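Here's upload_29.cif, which has mmCIF, C-alpha atoms and all ligand atoms:
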data_final
loop_
_atom_site.label_atom_id
_atom_site.label_comp_id
_atom_site.auth_asym_id
_atom_site.auth_seq_id
_atom_site.Cartn_x
_atom_site.Cartn_y
_atom_site.Cartn_z
CA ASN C 4 105.40 -72.37 178.48
CA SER C 5 102.54 -71.20 180.72
CA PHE C 6 101.60 -68.09 178.80
CA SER C 7 98.53 -66.26 180.20
CA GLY C 8 96.36 -63.36 179.09
CA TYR C 9 97.48 -63.35 175.45
CA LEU C 10 95.14 -62.48 172.58
CA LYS C 11 95.39 -65.04 169.74
CA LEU C 12 95.76 -63.12 166.37
CA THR C 13 96.43 -66.10 164.04
CA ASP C 14 96.87 -69.86 164.59
CA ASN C 15 100.50 -69.28 165.57
CA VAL C 16 100.83 -65.60 166.69
CA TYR C 17 99.67 -64.37 170.17
CA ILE C 18 100.13 -60.89 171.71
CA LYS C 19 100.04 -59.29 175.17
CA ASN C 20 100.60 -55.84 176.70
CA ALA C 21 103.48 -56.85 178.97
CA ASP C 22 107.18 -56.41 179.84
CA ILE C 23 109.07 -59.31 178.17
CA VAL C 24 111.29 -59.56 181.32
CA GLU C 25 108.30 -60.10 183.59
CA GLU C 26 106.82 -62.59 181.11
CA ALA C 27 110.07 -64.59 181.01
CA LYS C 28 110.24 -64.78 184.85
CA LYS C 29 106.60 -65.95 185.08
CA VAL C 30 106.53 -68.35 182.09
CA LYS C 31 110.09 -69.74 182.07
CA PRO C 32 109.70 -70.33 178.29
CA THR C 33 111.81 -72.74 176.29
CA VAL C 34 113.07 -69.75 174.23
CA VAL C 35 113.14 -66.00 174.88
CA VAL C 36 114.12 -63.78 171.93
CA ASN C 37 116.49 -60.84 172.53
CA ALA C 38 116.33 -57.79 170.20
CA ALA C 39 120.11 -57.83 169.80
CA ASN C 40 122.72 -55.89 167.82
CA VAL C 41 125.57 -57.51 165.81
CA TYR C 42 128.16 -57.32 168.65
CA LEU C 43 125.71 -58.48 171.32
CA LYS C 44 126.27 -55.35 173.41
CA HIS C 45 123.15 -55.17 175.61
CA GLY C 46 123.39 -51.49 176.41
CA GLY C 47 119.76 -50.41 176.69
CA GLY C 48 116.17 -51.06 175.72
CA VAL C 49 114.93 -54.70 175.60
CA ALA C 50 118.45 -56.19 175.49
CA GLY C 51 119.65 -54.15 178.46
CA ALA C 52 116.53 -55.14 180.45
CA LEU C 53 116.99 -58.86 179.71
CA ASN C 54 120.73 -58.65 180.55
CA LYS C 55 120.03 -56.84 183.85
CA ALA C 56 117.54 -59.57 184.81
CA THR C 57 120.40 -62.12 184.45
CA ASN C 58 122.65 -59.90 186.70
CA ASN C 59 125.01 -59.37 183.70
CA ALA C 60 125.59 -63.11 183.07
CA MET C 61 124.09 -62.71 179.55
CA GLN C 62 126.64 -59.96 178.65
CA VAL C 63 129.68 -62.00 179.82
CA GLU C 64 128.46 -65.04 177.82
CA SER C 65 127.78 -62.82 174.78
CA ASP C 66 131.31 -61.29 174.86
CA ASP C 67 132.81 -64.81 174.94
CA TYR C 68 130.59 -65.89 171.99
CA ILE C 69 131.74 -62.81 169.96
CA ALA C 70 135.40 -63.45 170.76
CA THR C 71 135.26 -66.96 169.29
CA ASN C 72 132.75 -66.48 166.47
CA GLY C 73 132.83 -62.85 165.46
CA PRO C 74 129.77 -60.54 165.13
CA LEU C 75 126.40 -61.58 163.76
CA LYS C 76 125.01 -60.23 160.48
CA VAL C 77 121.90 -58.01 160.37
CA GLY C 78 118.99 -60.45 159.92
CA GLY C 79 120.95 -63.23 161.67
CA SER C 80 120.87 -64.90 165.08
CA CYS C 81 122.58 -67.14 167.56
CA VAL C 82 121.36 -69.44 170.38
CA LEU C 83 122.90 -68.87 173.81
CA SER C 84 121.83 -69.67 177.39
CA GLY C 85 118.52 -68.42 178.68
CA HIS C 86 120.01 -68.14 182.24
CA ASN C 87 117.20 -67.59 184.76
CA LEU C 88 114.80 -66.38 182.06
CA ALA C 89 114.37 -69.30 179.72
CA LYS C 90 116.08 -72.57 178.65
CA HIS C 91 117.62 -70.66 175.68
CA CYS C 92 117.97 -67.08 174.47
CA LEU C 93 117.69 -66.57 170.71
CA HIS C 94 119.62 -63.35 170.01
CA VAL C 95 118.10 -61.91 166.79
CA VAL C 96 119.39 -58.84 164.94
CA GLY C 97 116.58 -56.91 163.25
CA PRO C 98 117.54 -53.92 161.00
CA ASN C 99 118.01 -50.55 162.68
CA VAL C 100 116.43 -48.27 160.08
CA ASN C 101 117.37 -45.19 162.18
CA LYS C 102 120.99 -46.22 161.38
CA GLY C 103 120.36 -46.83 157.64
CA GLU C 104 119.91 -50.64 157.65
CA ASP C 105 117.46 -52.16 155.05
CA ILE C 106 113.95 -52.82 156.28
CA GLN C 107 113.79 -55.88 153.97
CA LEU C 108 116.11 -57.67 156.45
CA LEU C 109 113.19 -57.74 158.93
CA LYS C 110 111.86 -60.83 157.07
CA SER C 111 115.24 -62.61 157.48
CA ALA C 112 115.25 -61.60 161.20
CA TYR C 113 111.77 -63.20 161.79
CA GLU C 114 112.78 -66.31 159.76
CA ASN C 115 115.17 -67.21 162.64
CA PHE C 116 112.14 -67.85 164.86
CA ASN C 117 111.16 -70.86 162.66
CA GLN C 118 113.93 -73.03 164.11
CA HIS C 119 112.15 -73.11 167.54
CA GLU C 120 108.69 -74.56 168.26
CA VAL C 121 107.60 -71.98 170.90
CA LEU C 122 109.09 -68.53 171.59
CA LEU C 123 108.49 -65.49 173.78
CA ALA C 124 109.56 -62.43 171.75
CA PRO C 125 109.54 -58.65 171.44
CA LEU C 126 108.34 -56.80 168.29
CA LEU C 127 111.52 -56.74 166.19
CA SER C 128 113.02 -53.47 165.00
CA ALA C 129 110.36 -51.35 166.82
CA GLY C 130 111.14 -48.61 169.42
CA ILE C 131 114.47 -46.91 168.81
CA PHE C 132 115.34 -49.25 165.88
CA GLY C 133 112.84 -47.10 163.94
CA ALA C 134 110.73 -49.62 161.96
CA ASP C 135 106.99 -48.99 161.71
CA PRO C 136 105.62 -51.30 164.47
CA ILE C 137 102.46 -52.13 162.47
CA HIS C 138 104.68 -53.24 159.55
CA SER C 139 106.83 -55.33 162.00
CA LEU C 140 103.68 -57.17 163.19
CA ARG C 141 102.63 -57.83 159.56
CA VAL C 142 106.06 -59.30 158.76
CA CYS C 143 105.88 -61.48 161.92
CA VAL C 144 102.42 -62.84 160.98
CA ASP C 145 103.51 -63.52 157.38
CA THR C 146 106.87 -65.08 158.22
CA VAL C 147 106.73 -66.99 161.48
CA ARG C 148 105.23 -70.46 161.23
CA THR C 149 106.08 -71.73 164.69
CA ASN C 150 104.25 -70.53 167.86
CA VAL C 151 105.23 -67.01 168.91
CA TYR C 152 104.02 -65.03 171.91
CA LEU C 153 104.70 -61.34 171.47
CA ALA C 154 105.11 -59.15 174.54
CA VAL C 155 104.72 -55.41 173.80
CA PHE C 156 105.38 -53.19 176.83
CA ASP C 157 103.10 -50.26 175.94
CA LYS C 158 99.28 -50.37 176.17
CA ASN C 159 98.92 -47.53 173.59
CA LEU C 160 101.00 -49.44 171.00
CA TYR C 161 99.32 -52.77 171.92
CA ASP C 162 95.89 -51.26 171.23
CA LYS C 163 97.02 -49.75 167.87
CA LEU C 164 98.59 -53.10 166.80
CA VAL C 165 95.45 -55.12 167.67
CA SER C 166 93.19 -52.54 165.93
CA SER C 167 95.41 -52.64 162.79
CA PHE C 168 95.40 -56.45 162.65
CA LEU C 169 91.62 -56.72 163.10
CA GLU C 170 90.80 -54.16 160.33
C1 LIG O 1 108.09 -50.75 171.18
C2 LIG O 1 108.47 -50.90 172.65
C3 LIG O 1 107.21 -50.75 173.54
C4 LIG O 1 109.17 -52.24 172.93
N1 LIG O 1 109.53 -52.32 174.35
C5 LIG O 1 109.51 -53.45 175.10
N2 LIG O 1 108.81 -54.52 174.66
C6 LIG O 1 108.70 -55.57 175.48
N3 LIG O 1 109.18 -55.72 176.71
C7 LIG O 1 109.91 -54.65 177.11
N4 LIG O 1 110.56 -54.52 178.31
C8 LIG O 1 111.17 -53.28 178.36
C9 LIG O 1 111.91 -52.86 179.56
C10 LIG O 1 111.93 -53.44 180.83
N5 LIG O 1 112.62 -52.71 181.70
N6 LIG O 1 113.08 -51.67 180.97
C11 LIG O 1 113.88 -50.63 181.61
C12 LIG O 1 112.68 -51.72 179.69
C13 LIG O 1 110.92 -52.61 177.18
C14 LIG O 1 110.13 -53.49 176.37
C15 LIG O 1 110.37 -52.48 172.03
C16 LIG O 1 110.35 -53.49 171.08
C17 LIG O 1 111.44 -53.74 170.27
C18 LIG O 1 112.61 -53.00 170.37
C19 LIG O 1 112.64 -52.00 171.35
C20 LIG O 1 111.53 -51.73 172.15
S1 LIG O 1 114.06 -51.09 171.68
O1 LIG O 1 113.71 -49.69 171.68
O2 LIG O 1 114.65 -51.63 172.88
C21 LIG O 1 115.11 -51.42 170.31
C22 LIG O 1 115.12 -52.92 169.99
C23 LIG O 1 113.76 -53.30 169.43
#

For the structure just supplied, provide its representation as structure tokens.
Amino acid sequence: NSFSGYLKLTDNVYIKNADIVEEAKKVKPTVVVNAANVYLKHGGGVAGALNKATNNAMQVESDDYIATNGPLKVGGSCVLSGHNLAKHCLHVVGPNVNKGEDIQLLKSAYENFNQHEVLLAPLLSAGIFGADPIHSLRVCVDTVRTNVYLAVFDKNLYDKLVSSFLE
């Protein structure tokens, strides 16, 4: 858990302008969070990038998990292998408000982080999931009680998130 160059926002939330994949390779954290969907199909965005960094091992493991257990619910999670990226991957399904899912489920999604002492994570439901990224950061700060290191791969968004928190 050798995180470097993060800005501490609260006693348990840290943030950096960085690619989560590159952070996971450098830090080798105990847990890396994936911004998953309910069938664990890692077809693009953060999930596709994490799966590609495992050379598709994450997708094969995910298909086997779904075969035995069925899909997740929106706001839910599962713990699978971290492969070369972490000891464990916490696959968390935030709501996709561009597809009509309820933004209130973003609190349930962040509540999954509280079962793990230290996590490397992306900003849930942001990007093409359509949630307001400043609201996602507020829900993270208000909900997560364990130690979370957020990697946000966009300097323009990073700067707007830090400015909004420090208001
Ligand atoms: C808001 C943006 C900046 C953020 N992106 C990222 N945040 C952190 N590490 C990242 N690595 C890459 C990457 C690495 N290689 N490739 C080709 C992509 C993206 C990226 C983000 C945050 C949450 C979500 C998404 C995107 S999403 O659009 O994938 C939908 C799921 C929720």

Find the residues near segment 55-64 of chain C: any atom within 8 Å, counting all atoms listed in the file, skip ones fewer than 5 places away on the same chain, and give them as a PDB file with C-alpha atoms, in the frame of the given file.
ATOM      1  CA  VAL C  24     111.290 -59.560 181.320  1.00  0.00           C
ATOM      2  CA  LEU C  43     125.710 -58.480 171.320  1.00  0.00           C
ATOM      3  CA  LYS C  44     126.270 -55.350 173.410  1.00  0.00           C
ATOM      4  CA  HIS C  45     123.150 -55.170 175.610  1.00  0.00           C
ATOM      5  CA  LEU C  83     122.900 -68.870 173.810  1.00  0.00           C
ATOM      6  CA  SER C  84     121.830 -69.670 177.390  1.00  0.00           C
ATOM      7  CA  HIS C  86     120.010 -68.140 182.240  1.00  0.00           C
ATOM      8  CA  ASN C  87     117.200 -67.590 184.760  1.00  0.00           C
ATOM      9  CA  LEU C  88     114.800 -66.380 182.060  1.00  0.00           C
TER      10      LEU C  88
END

Inset, instruction - Find the spatial neighbours of residue 145 of chain C, counting all atoms listed in the file, within a cut-off of 10 Å - ignore same-chain residues fewer than 2 positions away - and output them as a list in words. - result: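 The residues that qualify are residues 16, 110, 113, 114, 139, 140, 141, 142, 143, 147 and 148 of chain C.
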
Give the centre and edge lengths of an axis-aligned box, in Å to one decimal, that holds all listed atoms of segment 77-93 of chain C with 3 Å on each side, as AutoDock Vina command-line options.
--center_x 118.6 --center_y -65.3 --center_z 172.3 --size_x 14.5 --size_y 20.6 --size_z 30.8

Protein and nucleic residues near ligand LIG 1 (chain O), 6 Å, only C-alpha atoms and all ligand atoms, as a PDB file with C-alpha atoms, in the frame of the given file:
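Once everything was written out, this is selection34.pdb:
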ATOM      1  CA  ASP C  22     107.180 -56.410 179.840  1.00  0.00           C
ATOM      2  CA  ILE C  23     109.070 -59.310 178.170  1.00  0.00           C
ATOM      3  CA  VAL C  24     111.290 -59.560 181.320  1.00  0.00           C
ATOM      4  CA  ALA C  38     116.330 -57.790 170.200  1.00  0.00           C
ATOM      5  CA  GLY C  48     116.170 -51.060 175.720  1.00  0.00           C
ATOM      6  CA  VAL C  49     114.930 -54.700 175.600  1.00  0.00           C
ATOM      7  CA  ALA C  52     116.530 -55.140 180.450  1.00  0.00           C
ATOM      8  CA  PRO C 125     109.540 -58.650 171.440  1.00  0.00           C
ATOM      9  CA  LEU C 126     108.340 -56.800 168.290  1.00  0.00           C
ATOM     10  CA  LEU C 127     111.520 -56.740 166.190  1.00  0.00           C
ATOM     11  CA  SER C 128     113.020 -53.470 165.000  1.00  0.00           C
ATOM     12  CA  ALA C 129     110.360 -51.350 166.820  1.00  0.00           C
ATOM     13  CA  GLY C 130     111.140 -48.610 169.420  1.00  0.00           C
ATOM     14  CA  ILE C 131     114.470 -46.910 168.810  1.00  0.00           C
ATOM     15  CA  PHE C 132     115.340 -49.250 165.880  1.00  0.00           C
ATOM     16  CA  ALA C 154     105.110 -59.150 174.540  1.00  0.00           C
ATOM     17  CA  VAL C 155     104.720 -55.410 173.800  1.00  0.00           C
ATOM     18  CA  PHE C 156     105.380 -53.190 176.830  1.00  0.00           C
ATOM     19  CA  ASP C 157     103.100 -50.260 175.940  1.00  0.00           C
TER      20      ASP C 157
END

Inset, instruction - Name the residues in contact with residue 95 of chain C at a cut-off of 12 Å, using only C-alpha atoms, excluding same-chain residues fewer than 3 positions from it; report them as an NGL selection string. - result: :C and (34-43 or 49-50 or 74-83 or 92 or 98 or 108-116 or 124-128)

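Going from atom CA of residue 134 of chain C to atom CA of residue 69 of chain C covers 26.1 Å.
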
Legend entry - Given only C-alpha atoms as the counted atoms, nearest of C:89, C:70, C:21, C:10 to residue 159 of chain C: C:21

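Here atom CA of residue 161 of chain C is placed at a distance of 7.3 Å from atom CA of residue 19 of chain C.
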
Legend entry - Atom-to-atom span, atom CA of residue 54 of chain C and atom CA of residue 5 of chain C, Å: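 About the pair atom CA of residue 54 of chain C and atom CA of residue 5 of chain C: they are 22.1 Å apart.
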
Inset, instruction - Would you mind telling me which residue in C:71, C:166, C:7, C:150 lies nearest to residue 123 of chain C when using only C-alpha atoms? - result: C:150

Inset, instruction - Pick out the closest residue to residue 30 of chain C from this set: C:12, C:100, C:93, C:121. Count only C-alpha atoms. - result: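 The shortest atom-to-atom distance to residue 30 of chain C comes from C:121.
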
Legend entry - Nearest-residue call for residue 90 of chain C, choices C:168, C:32, C:73, C:51, using only C-alpha atoms: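 Closest to residue 90 of chain C of all the choices is C:32.
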
Legend entry - Which residue of C:149, C:96, C:17, C:136 approaches residue 118 of chain C most closely, using all atoms listed in the file: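 Nearest to residue 118 of chain C: C:149.
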
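With distances taken over all atoms listed in the file, C:6 is the one residue among C:160, C:120, C:151, C:6 lying closest to residue 25 of chain C.
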